[PDB]
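Before any comments, here is the structure.
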Amino acid sequence: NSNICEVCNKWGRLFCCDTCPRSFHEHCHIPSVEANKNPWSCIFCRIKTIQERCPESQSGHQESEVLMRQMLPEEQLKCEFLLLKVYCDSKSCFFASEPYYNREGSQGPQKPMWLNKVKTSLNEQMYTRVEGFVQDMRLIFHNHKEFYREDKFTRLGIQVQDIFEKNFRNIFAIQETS
Ligand SMILES: [Zn+2]
Ligand SMILES: [Zn+2]
Ligand SMILES: [Zn+2]
Numbered sequence: 130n131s132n133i134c135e136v137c138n139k140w141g142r143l144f145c146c147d148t149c150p151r152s153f154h155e156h157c158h159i160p161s162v163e164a165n166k167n168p169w170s171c172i173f174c175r176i177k178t179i180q181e182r183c184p185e186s187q188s189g190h191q192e193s194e195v196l197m198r199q200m201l202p203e204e205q206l207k208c209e210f211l212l213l214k215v216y217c218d219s220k221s222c223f224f225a226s227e228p229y230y231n232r233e234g235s236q237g238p239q240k241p242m243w244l245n246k247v248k249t250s251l252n253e254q255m256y257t258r259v260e261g262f263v264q265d266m267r268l269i270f271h272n273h274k275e276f277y278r279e280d281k282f283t284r285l286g287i288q289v290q291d292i293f294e295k296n297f298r299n300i301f302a303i304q305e306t307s
């Protein structure tokens with residue numbers, strides 16, 4: 130197994146996957162690394178199994194159809210994995226914890242949102258459709274762009290949204306387009 134967390138790239142108290150060489154901090158994995166379970170297989174491994182059991186699940190889909198899906202166990206897992214892919218980027222630190230808004234010439238968003246809030250909402254089964262999760266994720270970056278206006282810091286929202294969107298298209302097998 131790797132000697133650093135796959136998510137945050139630090140050493141520490143690491144739980145090792147049994148079916149692949151990745152390792153995780155307890156609360157870096159999503160869901161949080163399960164208490165017992167020998168062997169244990171990471172989310173990467175669980176996602177690869179879904180694909181291998183249903184090869185056709187990689188055929189292109191329309192985003193509108195994906196968003197309307199109910200949050201059955203496989204879709205729950207796919208959203209957890211997509212959330213984890215965002216935390217895998219170090220720039221996610223800006224979006225992880227609860228924000229606050231006091232900048233001359235700007236007003237805070239009407240509905241603040243942040244990654245750890247989306248993480249709690251997934252853990253608490255608060256989303257009934259993929260659409261709920263995707264809308265809260267896109268809201269994080271939209272709030273950031275609107276608040277920061279012409280400050281160059283706006284770019285951090287574009288960057289982390291791009292990571293989200295690329296991973297969304299990969300995980301949910303969105304039909305490729307020009
Ligand atoms: Zn970690
Ligand atoms: Zn694994
Ligand atoms: Zn099949």
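Heads up, this note's numbering is the position in the sequence shown plus 129, with the first residue counted as 1.
Ideal Cβ positions, reconstructed from N, Cα and C, are used throughout, including at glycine.
| Asked | Found |
| --- | --- |
| Suppose you measure from the CA of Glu-260 to the CA of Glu-294; what does that come to, to the nearest Å? | 14 Å |
| How many Å lie between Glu-279 and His-271 at the Cα? | 14 Å |
| Please enumerate, following chain order, all residues with a beta carbon closer than 6 Å to at least one heavy atom belonging to ligand 2. | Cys-146, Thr-148, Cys-149, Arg-151, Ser-170, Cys-171, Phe-173, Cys-174 |
| Quick one: is the Cβ of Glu-185 within less than 7 Å of any heavy atom of ligand 3? | yes |
| What residues does ligand 1 have around it, judged by CB closer than 5 Å to any heavy atom, in chain order? | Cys-134, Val-136, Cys-137, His-154, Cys-157 |
| Quick one: measure Cβ to Cβ for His-190 and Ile-303, integer angstroms, because I've assumed they're closer than 8 Å. | 6 Å |
| Less than 8 Å separating the beta-carbons of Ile-269 and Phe-210? | no |
| Let me know the alpha helix (DSSP H) ranges lying completely inside the segment 161 to 197, each 4 residues or longer, listed in chain order. | 172 to 182, 192 to 196 |
| Assuming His-158 is part of the beta strand (DSSP E), what are its boundary residues? | First-last for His-158: undefined, no H or E at that position. |
| Can you round the beta-carbon distance between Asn-132 and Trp-140 to whole angstroms, since I take them to be within the 8 Å contact cut? | 6 Å |
| What are the partner residues of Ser-152, as DSSP defines its beta bridges? | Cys-145 |
| Could you check which residue in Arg-151, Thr-178, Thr-257 has the C-alpha nearest to that of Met-197? | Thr-257 |
| What first and last residue would you give for the alpha helix (DSSP H) that runs through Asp-280? | Careful: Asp-280 lies outside any alpha helix (DSSP H) and carries neither H nor E. |
| Where does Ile-133 fall in DSSP's three states? | coil |
| Going straight from the alpha carbon of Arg-298 to that of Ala-164, what length do you get? | 32 Å |
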